[PDB]
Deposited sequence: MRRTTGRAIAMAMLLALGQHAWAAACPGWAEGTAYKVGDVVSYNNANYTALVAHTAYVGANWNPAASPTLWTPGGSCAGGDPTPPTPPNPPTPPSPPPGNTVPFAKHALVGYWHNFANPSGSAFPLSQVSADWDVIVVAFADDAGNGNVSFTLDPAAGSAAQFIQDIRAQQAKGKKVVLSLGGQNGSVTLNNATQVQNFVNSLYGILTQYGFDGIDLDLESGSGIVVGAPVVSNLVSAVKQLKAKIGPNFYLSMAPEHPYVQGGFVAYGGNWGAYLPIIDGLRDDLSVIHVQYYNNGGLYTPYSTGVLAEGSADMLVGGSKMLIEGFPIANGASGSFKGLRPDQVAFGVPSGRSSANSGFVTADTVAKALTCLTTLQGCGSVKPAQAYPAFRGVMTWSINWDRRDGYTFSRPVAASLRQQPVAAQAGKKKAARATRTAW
């Protein structure tokens, strides 16, 4: 085994230590001075991970979905797609860039290697049964779909990207900058755009959505502005939706019909409750008598932060995730929120992110994949 990382210790370049039961290799000869907290999970300038001493598109029945940073951030730089651990079932490349008007582009972070190597890495991951999809979102995640011309640019440019790189499909993580509100033209145009894109690609087209819960389950309690604004998008694309994994973080608690009070952020109940609403369906505070029709369990997963650096609120332990999963799948280990019937085909778990999980020593992916794996 590798020696545990410890403050007061002098390290040389190439030294391998154990931290959070994972390995890190020293990038710089240095001492971890006491009180500085220069630990491997917090210090990518000092440590790099590694070293030693229906019918929908077919993908993992119980899947671990994660986002792969096509950029550098406090988690560290991007890393080659080939090195994404086997615990991940769907690798979501984050992100594509808005190019306007309607146009989308993609440019690889050079730290991931050459475009040619990246394309080979995609094939190699697919050869192992993984899906590799392109996410719309992030810093340039403001898509304009206000007229038919922009829709066509959207469809054509994304078709070019997918066919060139061999992505299995797309992920929608774009709602915060794209003005997705009730009554906005983008709501109708996005559904039309995705349908047209898939028609060009074929039935292998993978489609996922990662909206924040006010845009979805929020509709139960309020319908206007962003609240409930994603529901007709889901409804319009339900035949094409591979999986929706709502982000149950950064937006406080969740009001469901399964408890007299809101379900607490970071609780298994909230994860179970949010998932129940998507599967059973729920009334919409329409003003009319509108309702959201439930999805198949295989179309539903829940999204959580991979760790403390991944979000501002809504953090969960691996144990909490495991509890929510077994509750949903086998009606066992439930809290105060219980499914009406078991969902043996519940799709699973999404996390931001693969990179943060890697930086933190696979503390999310390892136990959660094990839970999904039974």
(request) Provide the list of deposited-sequence positions lacking C-alpha coordinates, grouped into contiguous ranges. (result) 1-24, 78-98, 420-439
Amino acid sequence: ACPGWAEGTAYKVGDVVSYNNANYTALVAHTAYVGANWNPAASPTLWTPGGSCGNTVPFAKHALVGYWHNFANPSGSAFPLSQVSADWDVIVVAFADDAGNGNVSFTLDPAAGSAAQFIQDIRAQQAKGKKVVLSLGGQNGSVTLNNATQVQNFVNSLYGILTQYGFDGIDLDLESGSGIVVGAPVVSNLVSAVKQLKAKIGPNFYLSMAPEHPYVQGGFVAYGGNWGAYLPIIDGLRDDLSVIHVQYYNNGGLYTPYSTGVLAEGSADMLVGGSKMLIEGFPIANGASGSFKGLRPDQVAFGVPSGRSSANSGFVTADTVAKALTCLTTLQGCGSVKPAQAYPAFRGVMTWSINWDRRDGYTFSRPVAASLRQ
From here on, numbers count along this sequence of modelled residues.
(message) When the Cα temperature factors in the entry are averaged, is it 261-269 or 130-138 that ends up higher?
(response) 261-269
(message) Using only C-alpha atoms and the B-factors in the entry, which stretch averages higher, 246-254 or 283-291?
(response) 283-291
(message) Can you tell me which of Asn55, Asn70, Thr45, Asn312 has the maximum CA B-factor listed in the PDB entry?
(response) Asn55
(request) Name the residue from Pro40, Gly333, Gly348, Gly307 with the greatest C-alpha temperature factor listed in the entry. (result) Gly333
(request) Using the B-factors in the PDB entry, rank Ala1's C-alpha atom against the chain and give the third, lowest, middle or highest. (result) highest
(message) Where does the C-alpha B-factor of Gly66 rank in its chain, lowest, middle or highest third?
(response) lowest
(message) Ranking the modelled residues of this chain by C-alpha B-factor as given in the entry, is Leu190 in the lowest, middle or highest third?
(response) middle
(request) Please rank the C-alpha B-factors of the chain's modelled residues and tell me whether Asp360 sits in the lowest, middle or highest third. (result) middle
(request) Divide the modelled residues of the chain into thirds by Cα B-factor and specify which third, lowest, middle or highest, holds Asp171. (result) lowest
